[PDB]
């Protein structure tokens, strides 16, 4: 597993959905797709493949179908984001604050560029966007 620092932090935070999200996209999708996954959090706020997705939560719209998800309580407190992995019918779900999501994404893209130095320039550009966007 190349996600050494991501896994350590996410597992220690009981956010195993994040661990699964990155590993399964990395192993199955192309590296170009993974780069888009890293980027979309700053732009559209959503990304989805078979068995893995995230979506920033629009708190001006209905949140009733998040009530049973781990992390539901974050929505009322701060801008939050929904992650899921696995089957569409029985997904493994997690909600976390967007700030924490950016923390994870910055760690994950670091793991990736460290393991795949050919992607140094592109990953640093995306990290720059994280720093611009996220206080």
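Residue numbers count along the first chain shown, from 1.
The deposited model assigns a higher average Cα B-factor to 83 to 91 than to the other stretch when 83 to 91 and 24 to 32 are compared. Here the stretch with the larger average CA B-factor, out of 48 to 56 and 106 to 114, is 48 to 56. Residue 97: CA B factor in the lowest third of modelled residues in this chain (values from the PDB entry). The deposited CA B-factor of residue 10 belongs to the lowest third of values across its chain.
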